[PDB]
Amino acid sequence: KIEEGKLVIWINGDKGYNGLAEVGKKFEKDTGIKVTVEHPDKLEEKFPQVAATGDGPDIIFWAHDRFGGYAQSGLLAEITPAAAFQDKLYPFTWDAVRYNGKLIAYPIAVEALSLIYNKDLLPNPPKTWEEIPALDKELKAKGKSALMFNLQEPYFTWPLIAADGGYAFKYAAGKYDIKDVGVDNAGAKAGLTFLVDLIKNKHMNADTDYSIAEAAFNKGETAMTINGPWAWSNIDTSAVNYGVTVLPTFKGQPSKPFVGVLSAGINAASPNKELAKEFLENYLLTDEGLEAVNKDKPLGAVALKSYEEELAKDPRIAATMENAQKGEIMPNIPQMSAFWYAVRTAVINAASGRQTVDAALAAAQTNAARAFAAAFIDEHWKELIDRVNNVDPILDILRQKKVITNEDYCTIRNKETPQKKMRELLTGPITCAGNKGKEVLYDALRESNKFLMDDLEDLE
Ligand SMILES: OC[C@H]1O[C@H](O[C@H]2[C@H](O)[C@@H](O)[C@@H](O)O[C@@H]2CO)[C@H](O)[C@@H](O)[C@@H]1O
């Protein structure tokens, strides 16, 4: 399990993890408690898997939107800061980590996407998305491009989808309504259509990811990118003279980035909860602790009032907060991971021309409102049939969980190969047991065909 008397921290590989480890070394010097900082790939999807068995890190860092799902699953310990400490952070950052009345993490920093532009290539950046096609034509004439940013993560394309009316879950009467999903209204369709036309007309490439866009901007090959504060450090190191500014408007409306509060949660299974509290409150969330992390990769606008007063004078932070004000704080509700998966699928499918914009967003509207696991099954059902090897345990689990009947079990168990059993299952009783039946099937697959499931989720 988790080792007593030391701290293991998980944080994403784009953050200042080397600066965070320096805070860990100061902690160990004063206490004898070793602190190990790791940056596993896809840690936000690995954490609920390993923590459910009592494993994982003592502390997990991620934007707050994932933490409601974690807390609903019982994976996070309640945060209990004294009043003098709670006063040290902005109250709105505490609101981001409150779930069902309860603080479930320590807020660290406010993150929002901005437009980043090369001041030597583009002395005045475009105020509107609509002018970017013409700008790209001009820059292609000179051997450059207008704009490159990560098209593989919906976090980066959401500001444009939301600009003219898209939204995740409608907020009303103090609660999010998982009905009013707004990923398929006229504003969302217009934004994704504009994005998809950029790719169609060869102003962007559907295969551009984080590293490709970062490399191109930092080599001076593209005039603009979209990124967060963590990216400024690498541009500082490049030769690019860059500015950070408000995102372009679409149909006269501001782009609306989803605002994330980088947060540190304590594993409910950790035997080191008191050491973790001490590290986070007395070492990390101080002027010198946050400065060490921020010097490695900028955090954005920090939750710690005393340090934020210094950072707020940076014009790049002013741009971050200007974009933050035009966007929305992300919900932390458990449905957020289903929302993100739905929008990720829609953008990839529409950008490749595999689906029309309208069909992509119609699926996203349905998928955002149901469990992640159900959409996962529906999106991989052909691969499941072709690759599963171990079907009898699945049937046993489905029968004992009452998804299928005794007759179903005997009928399917009688077939000769795993592919035939799986096809009868997926086109028979699994189509008839709602989303819940597909969620039970997903759990059964992870108990019986874990490598297949890990590979399909790209966790291996
Ligand atoms: O793209 C979906 C993704 O968006 C957000 O993740 C951000 C994260 O907040 C930033 O700190 C940075 O690491 O970039 C990520 C996008 O690659 C959500 O926090 C995340 O839950 C969601 O899956």
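Residues numbered from 1 in each chain as written, not as in the entry; some residues may be left out. Heavy atoms only, no water.

Method-wise, the PDB entry is recorded as coming from X-ray crystallography, at a reported resolution of 2.100 Å.

Here, the word disulfide means a covalent bond between the sulfur atoms of two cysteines. Using the criterion set out here, one finds 0 disulfides in the structure. The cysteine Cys-410 is free of any disulfide, with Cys-432 supplying the nearest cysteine sulfur at 18 Å. (Disulfide = S-S within 2.5 Å.)

Once that is clear, we can look at unusual backbone geometry. One non-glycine residue, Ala-173, adopts positive backbone phi at about 55°. In this structure, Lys-402 takes a positive phi of about 70° despite not being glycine. Here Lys-402 is to be found in the loop between α18 (392–400) and α19 (406–413). A relative accessible area of 68% places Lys-402 in the exposed class. (Helix = DSSP H or I, 4+ residues; strand = E, 2+ residues; numbered from the N terminus. Buried < 20%, exposed > 50% of the residue type's maximum accessible area, 1.4 Å probe, protein only.)

Here the focus is the side chain of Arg-446. Take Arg-446: it is sitting in helix α21 (residues 434–448). Given a relative accessible area of 17%, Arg-446 falls into the buried group. Apart from the residues within four sequence positions on either side, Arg-446 is in contact with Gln-49, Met-453, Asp-454 and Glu-457. (Contact = heavy atoms within 4.5 Å.)

Below, the discussion takes up the site of the ligand. The environment of the ligand is formed by 14 residues, the closest being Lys-15, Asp-65, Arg-66, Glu-111 and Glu-153. One of the side-chain nitrogen or oxygen atoms of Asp-14 is found 2.9 Å away from an oxygen atom of the ligand. The contact in question runs from an oxygen atom of the ligand to an N or O atom on the side chain of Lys-15, over 2.6 Å. Mapped onto the shell around the ligand, the elements with two or more residues apiece are β3 (59–63) and α7 (154–163). Of all the elements, α7 adds the most residues to the shell around the ligand, at 3 residues. For the shell around the ligand, a count of residues per class yields 7 nonpolar, 1 polar and 6 charged. (Near = heavy atom within 4 Å. Polar contact = N/O pair within 3.5 Å; in protein donor to acceptor, adjacent residues only side chain to side chain. Nonpolar A, V, L, I, M, F, W, Y, C, P; charged D, E, K, R; others polar.)

Right, let's get into the environment of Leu-285. Take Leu-285: it is sitting in the loop between α11 (273–284) and α12 (287–296). A relative accessible area of 1% means that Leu-285 is categorised as buried. When the C-alpha atoms of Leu-285 and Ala-303 are compared, they prove to be 8.6 Å apart, with 18 residues separating the residues in sequence. Not counting residues within four places of it along the chain, the set of residues in contact with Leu-285 comprises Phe-85, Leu-89, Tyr-106, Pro-107, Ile-108, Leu-280, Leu-290 and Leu-304.

Of all the positions in helix α9 (residues 210–218), only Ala-213, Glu-214, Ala-216, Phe-217 and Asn-218 are classed as buried. The N-terminus of α9 is capped by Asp-209, whose side-chain oxygen sits 3.3 Å from the backbone nitrogen of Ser-211. Looking one or two places after α9, you find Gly-220, whose phi comes out positive at around 70°.

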